[PDB]
>>> print(open('upload_32.cif').read())   # mmCIF, C-alpha atoms and all ligand atoms
data_start
#
loop_
_atom_site.label_atom_id
_atom_site.label_comp_id
_atom_site.auth_asym_id
_atom_site.auth_seq_id
_atom_site.Cartn_x
_atom_site.Cartn_y
_atom_site.Cartn_z
CA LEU I 1799 80.49 163.59 108.24
CA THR I 1800 83.57 165.43 106.98
CA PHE I 1801 85.36 163.66 109.85
CA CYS I 1802 84.04 160.35 108.54
CA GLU I 1803 85.64 161.27 105.21
CA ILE I 1804 88.94 162.13 106.93
CA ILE I 1805 88.98 158.73 108.65
CA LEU I 1806 88.04 156.97 105.40
CA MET I 1807 90.90 158.66 103.53
CA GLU I 1808 93.37 157.68 106.26
CA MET I 1809 92.12 154.09 106.07
CA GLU I 1810 92.38 154.05 102.27
CA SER I 1811 96.03 155.16 102.45
CA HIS I 1812 97.06 152.69 105.17
CA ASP I 1813 99.68 150.02 104.49
CA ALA I 1814 97.18 147.35 105.65
CA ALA I 1815 94.27 148.66 103.56
CA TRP I 1816 94.96 146.75 100.32
CA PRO I 1817 92.42 143.92 100.94
CA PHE I 1818 89.61 146.41 101.61
CA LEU I 1819 89.88 149.08 98.92
CA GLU I 1820 87.43 147.48 96.46
CA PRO I 1821 84.65 144.89 96.67
CA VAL I 1822 85.82 141.30 96.79
CA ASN I 1823 85.06 139.64 93.45
CA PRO I 1824 83.55 136.38 94.66
CA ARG I 1825 84.41 134.69 91.35
CA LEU I 1826 88.06 134.90 92.46
CA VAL I 1827 87.64 133.98 96.17
CA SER I 1828 86.08 130.54 96.70
CA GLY I 1829 83.23 130.54 99.19
CA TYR I 1830 83.09 134.30 99.68
CA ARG I 1831 79.50 134.77 98.56
CA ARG I 1832 78.38 131.70 100.53
CA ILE I 1833 79.98 132.83 103.80
CA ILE I 1834 79.70 136.63 103.70
CA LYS I 1835 76.10 137.77 103.29
CA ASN I 1836 76.66 141.55 103.57
CA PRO I 1837 79.88 142.52 101.78
CA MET I 1838 81.42 145.94 102.35
CA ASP I 1839 84.61 147.76 101.31
CA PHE I 1840 86.09 151.26 101.47
CA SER I 1841 85.22 152.28 97.89
CA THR I 1842 81.57 151.35 98.40
CA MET I 1843 81.63 153.40 101.62
CA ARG I 1844 83.19 156.36 99.79
CA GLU I 1845 80.53 156.32 97.07
CA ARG I 1846 77.76 156.34 99.68
CA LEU I 1847 79.44 158.97 101.86
CA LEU I 1848 80.00 161.41 98.99
CA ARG I 1849 76.36 161.10 97.92
CA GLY I 1850 75.12 161.88 101.44
CA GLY I 1851 73.86 158.33 102.01
CA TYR I 1852 74.98 158.18 105.65
CA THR I 1853 72.69 160.13 107.97
CA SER I 1854 74.82 159.72 111.11
CA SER I 1855 78.35 158.82 112.09
CA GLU I 1856 76.94 155.60 113.54
CA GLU I 1857 75.75 154.48 110.10
CA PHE I 1858 79.22 155.07 108.66
CA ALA I 1859 80.91 153.27 111.56
CA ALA I 1860 78.61 150.29 111.12
CA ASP I 1861 79.86 149.86 107.54
CA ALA I 1862 83.48 150.15 108.70
CA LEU I 1863 82.96 147.49 111.35
CA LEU I 1864 81.21 145.30 108.76
CA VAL I 1865 84.40 145.35 106.66
CA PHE I 1866 86.39 144.10 109.65
CA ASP I 1867 83.80 141.61 110.90
CA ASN I 1868 83.52 140.09 107.43
CA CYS I 1869 87.30 139.81 107.25
CA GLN I 1870 87.50 138.06 110.63
CA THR I 1871 84.74 135.60 109.71
CA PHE I 1872 86.19 134.71 106.33
CA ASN I 1873 89.97 134.67 106.93
CA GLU I 1874 92.31 133.08 109.46
CA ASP I 1875 93.84 135.48 111.97
CA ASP I 1876 97.35 134.57 110.80
CA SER I 1877 96.62 134.93 107.08
CA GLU I 1878 97.81 138.08 105.36
CA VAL I 1879 94.27 139.38 104.83
CA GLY I 1880 93.23 138.40 108.35
CA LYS I 1881 96.21 140.17 109.90
CA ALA I 1882 95.44 143.29 107.89
CA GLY I 1883 91.83 143.33 109.08
CA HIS I 1884 92.86 143.27 112.73
CA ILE I 1885 95.31 146.14 112.16
CA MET I 1886 92.71 148.17 110.29
CA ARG I 1887 90.02 147.64 112.93
CA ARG I 1888 92.26 148.95 115.68
CA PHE I 1889 93.38 151.87 113.50
CA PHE I 1890 89.75 152.76 112.80
CA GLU I 1891 88.71 152.49 116.45
CA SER I 1892 91.63 154.64 117.61
CA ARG I 1893 91.03 157.41 115.07
CA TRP I 1894 87.27 157.27 115.62
CA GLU I 1895 87.66 157.94 119.35
CA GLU I 1896 89.41 161.24 118.60
CA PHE I 1897 86.35 162.70 116.83
CA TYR I 1898 83.47 160.61 118.26
CA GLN I 1899 83.86 159.58 121.91
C1 LIG I 1901 98.82 136.39 98.10
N1 LIG I 1901 97.78 137.13 98.79
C2 LIG I 1901 98.17 137.28 100.18
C3 LIG I 1901 97.58 138.44 98.17
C4 LIG I 1901 97.02 138.34 96.76
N2 LIG I 1901 96.58 139.65 96.31
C5 LIG I 1901 97.32 140.56 95.51
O1 LIG I 1901 98.41 140.40 95.07
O2 LIG I 1901 96.54 141.72 95.31
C6 LIG I 1901 95.30 141.53 95.99
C7 LIG I 1901 94.20 142.39 96.09
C8 LIG I 1901 93.10 141.96 96.82
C9 LIG I 1901 93.10 140.68 97.39
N3 LIG I 1901 91.98 140.36 98.20
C10 LIG I 1901 91.80 139.07 98.78
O3 LIG I 1901 92.54 138.16 98.66
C11 LIG I 1901 90.71 138.97 99.77
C12 LIG I 1901 90.34 137.64 100.25
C13 LIG I 1901 89.36 137.53 101.33
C14 LIG I 1901 88.80 138.79 101.94
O4 LIG I 1901 88.05 138.74 102.85
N4 LIG I 1901 89.22 140.11 101.46
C15 LIG I 1901 88.68 141.27 102.10
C16 LIG I 1901 90.19 140.23 100.40
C17 LIG I 1901 94.21 139.85 97.33
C18 LIG I 1901 95.32 140.27 96.60
#
>>> encode(input="upload_32.cif", output="structure tokens")
Amino acid sequence: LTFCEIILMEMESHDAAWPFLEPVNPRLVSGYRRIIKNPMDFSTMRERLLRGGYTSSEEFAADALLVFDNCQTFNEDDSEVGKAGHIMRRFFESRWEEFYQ
């Protein structure tokens, strides 16, 4: 899972990562809690990873993909947040394939 941490750090430093660094505060984003039932973000992933809460790379990847699937459900593809989610998903998938094929 050290390679999960490497990928997480690269995601956290990406130019398109800004929507995903911290949990969405649903008080500030109308409809978020109604539409997205299983929120996820990179800081929540980091807290779990550091504490040993992922028992396989698959569990970590499922949380990453949940970030991107939530983003695609909630936001238009041509919105700033939606565009960022598509970039981040492809970045994740590309880096993932280097360590986990
Ligand atoms: C103007 N506008 C494009 C940016 C505003 N803006 C900012 O200046 O700093 C931010 C920091 C975080 C957020 N996040 C969200 O808007 C959001 C909305 C739906 C969603 O699914 N996610 C994952 C994130 C927005 C901002």
>>> residues_near_ligand(input="upload_32.cif", ligand="ligand LIG 1901 (chain I)", cutoff="10 Å", atoms="all atoms listed in the file", output="number ranges by chain")
I: 1815-1824, 1826-1830, 1834, 1837-1839, 1865-1874, 1877-1880, 1882-1883
>>> residues_around(input="upload_32.cif", residues="residue 1854 (chain I)", least_positions_apart="6", cutoff="12 Å", atoms="all atoms listed in the file", output="VMD selection string")
chain I and resid 1799 to 1802 1847 1860 to 1861 1898
>>> atom_distance(input="upload_32.cif", atom1="CA of residue 1849 (chain I)", atom2="CA of residue 1862 (chain I)")
16.9 Å
>>> closest_residue(input="upload_32.cif", among="I:1835, I:1825, I:1843, I:1876", to="residue 1807 (chain I)", atoms="only C-alpha atoms")
I:1843
>>> atom_distance(input="upload_32.cif", atom1="CA of residue 1846 (chain I)", atom2="CA of residue 1804 (chain I)")
14.5 Å
>>> decode(input="upload_32.cif", residues="region 1868-1899 of chain I", atoms="N, CA, C and O atoms", output="CSV table (one decimal), in the first residue's frame")
chain,number,residue,atom,x,y,z
I,1868,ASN,N,-18.7,10.1,-8.2
I,1868,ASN,CA,-19.5,11.1,-7.6
I,1868,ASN,C,-19.5,12.4,-8.4
I,1868,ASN,O,-20.5,13.1,-8.6
I,1869,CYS,N,-18.2,12.8,-8.7
I,1869,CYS,CA,-18.1,14.0,-9.5
I,1869,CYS,C,-18.8,14.0,-10.8
I,1869,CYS,O,-19.5,15.0,-11.1
I,1870,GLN,N,-18.8,12.9,-11.5
I,1870,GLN,CA,-19.5,12.8,-12.8
I,1870,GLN,C,-21.0,12.8,-12.6
I,1870,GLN,O,-21.7,13.4,-13.4
I,1871,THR,N,-21.5,12.2,-11.6
I,1871,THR,CA,-22.9,12.2,-11.3
I,1871,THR,C,-23.4,13.6,-11.0
I,1871,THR,O,-24.4,14.1,-11.4
I,1872,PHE,N,-22.6,14.3,-10.1
I,1872,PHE,CA,-23.1,15.6,-9.6
I,1872,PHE,C,-23.0,16.8,-10.6
I,1872,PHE,O,-23.8,17.7,-10.6
I,1873,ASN,N,-21.8,16.8,-11.3
I,1873,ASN,CA,-21.4,18.0,-12.1
I,1873,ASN,C,-21.5,17.7,-13.6
I,1873,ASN,O,-21.3,16.6,-14.0
I,1874,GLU,N,-21.8,18.8,-14.3
I,1874,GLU,CA,-21.7,18.7,-15.8
I,1874,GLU,C,-20.3,18.5,-16.2
I,1874,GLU,O,-19.4,19.0,-15.7
I,1875,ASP,N,-20.2,17.8,-17.4
I,1875,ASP,CA,-18.9,17.5,-17.9
I,1875,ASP,C,-18.1,18.8,-18.2
I,1875,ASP,O,-16.8,18.8,-18.2
I,1876,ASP,N,-18.8,19.8,-18.7
I,1876,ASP,CA,-18.1,21.0,-19.1
I,1876,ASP,C,-18.0,22.1,-17.9
I,1876,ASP,O,-17.6,23.2,-18.2
I,1877,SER,N,-18.4,21.7,-16.7
I,1877,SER,CA,-18.2,22.6,-15.6
I,1877,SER,C,-16.7,22.5,-15.1
I,1877,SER,O,-16.0,21.5,-15.5
I,1878,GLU,N,-16.2,23.4,-14.4
I,1878,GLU,CA,-14.8,23.3,-13.9
I,1878,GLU,C,-14.6,22.1,-13.1
I,1878,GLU,O,-13.6,21.4,-13.2
I,1879,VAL,N,-15.5,21.8,-12.1
I,1879,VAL,CA,-15.3,20.6,-11.3
I,1879,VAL,C,-15.5,19.4,-12.1
I,1879,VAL,O,-14.7,18.4,-12.0
I,1880,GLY,N,-16.4,19.3,-13.0
I,1880,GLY,CA,-16.6,18.1,-13.9
I,1880,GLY,C,-15.4,17.9,-14.7
I,1880,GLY,O,-15.0,16.7,-14.9
I,1881,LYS,N,-14.8,18.9,-15.3
I,1881,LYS,CA,-13.6,18.7,-16.2
I,1881,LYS,C,-12.5,18.2,-15.3
I,1881,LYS,O,-11.7,17.3,-15.8
I,1882,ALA,N,-12.3,18.7,-14.1
I,1882,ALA,CA,-11.2,18.3,-13.3
I,1882,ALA,C,-11.4,16.8,-12.9
I,1882,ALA,O,-10.4,16.1,-12.9
I,1883,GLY,N,-12.6,16.3,-12.6
I,1883,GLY,CA,-12.8,14.9,-12.3
I,1883,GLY,C,-12.4,14.0,-13.4
I,1883,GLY,O,-11.8,13.0,-13.2
I,1884,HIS,N,-12.8,14.4,-14.7
I,1884,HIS,CA,-12.4,13.5,-15.8
I,1884,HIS,C,-10.8,13.5,-15.9
I,1884,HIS,O,-10.3,12.4,-16.2
I,1885,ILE,N,-10.2,14.6,-15.8
I,1885,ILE,CA,-8.7,14.6,-15.8
I,1885,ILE,C,-8.1,13.7,-14.7
I,1885,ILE,O,-7.2,12.9,-15.0
I,1886,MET,N,-8.6,13.9,-13.5
I,1886,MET,CA,-8.1,13.1,-12.4
I,1886,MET,C,-8.4,11.6,-12.5
I,1886,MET,O,-7.5,10.8,-12.2
I,1887,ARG,N,-9.5,11.2,-13.1
I,1887,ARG,CA,-9.8,9.8,-13.3
I,1887,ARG,C,-8.7,9.2,-14.2
I,1887,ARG,O,-8.2,8.1,-13.9
I,1888,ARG,N,-8.5,9.9,-15.3
I,1888,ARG,CA,-7.5,9.3,-16.3
I,1888,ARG,C,-6.1,9.3,-15.7
I,1888,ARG,O,-5.4,8.4,-15.9
I,1889,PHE,N,-5.8,10.3,-14.9
I,1889,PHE,CA,-4.5,10.4,-14.3
I,1889,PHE,C,-4.3,9.2,-13.3
I,1889,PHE,O,-3.3,8.5,-13.3
I,1890,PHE,N,-5.3,9.0,-12.5
I,1890,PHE,CA,-5.3,7.9,-11.6
I,1890,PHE,C,-5.2,6.5,-12.3
I,1890,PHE,O,-4.3,5.7,-12.0
I,1891,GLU,N,-6.0,6.3,-13.3
I,1891,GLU,CA,-6.0,5.0,-14.0
I,1891,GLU,C,-4.6,4.8,-14.7
I,1891,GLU,O,-4.1,3.7,-14.6
I,1892,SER,N,-4.0,5.8,-15.2
I,1892,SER,CA,-2.7,5.7,-15.9
I,1892,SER,C,-1.6,5.3,-14.9
I,1892,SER,O,-0.8,4.4,-15.1
I,1893,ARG,N,-1.6,6.0,-13.8
I,1893,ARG,CA,-0.6,5.8,-12.7
I,1893,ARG,C,-0.8,4.4,-12.1
I,1893,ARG,O,0.1,3.6,-11.9
I,1894,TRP,N,-2.1,4.1,-11.9
I,1894,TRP,CA,-2.4,2.8,-11.3
I,1894,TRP,C,-1.8,1.6,-12.1
I,1894,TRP,O,-1.3,0.7,-11.5
I,1895,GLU,N,-2.0,1.7,-13.4
I,1895,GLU,CA,-1.6,0.6,-14.3
I,1895,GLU,C,-0.1,0.3,-14.2
I,1895,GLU,O,0.4,-0.8,-14.5
I,1896,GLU,N,0.7,1.3,-13.8
I,1896,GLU,CA,2.1,1.1,-13.7
I,1896,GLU,C,2.5,0.2,-12.5
I,1896,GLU,O,3.5,-0.6,-12.6
I,1897,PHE,N,1.7,0.2,-11.4
I,1897,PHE,CA,2.0,-0.6,-10.2
I,1897,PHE,C,1.1,-1.8,-10.1
I,1897,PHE,O,1.6,-2.8,-9.5
I,1898,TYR,N,-0.1,-1.7,-10.6
I,1898,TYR,CA,-1.1,-2.7,-10.5
I,1898,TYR,C,-1.7,-2.9,-11.9
I,1898,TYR,O,-2.6,-2.2,-12.3
I,1899,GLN,N,-1.2,-4.0,-12.6
I,1899,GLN,CA,-1.8,-4.2,-13.9
I,1899,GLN,C,-2.7,-5.4,-13.8
I,1899,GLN,O,-2.8,-6.2,-12.8
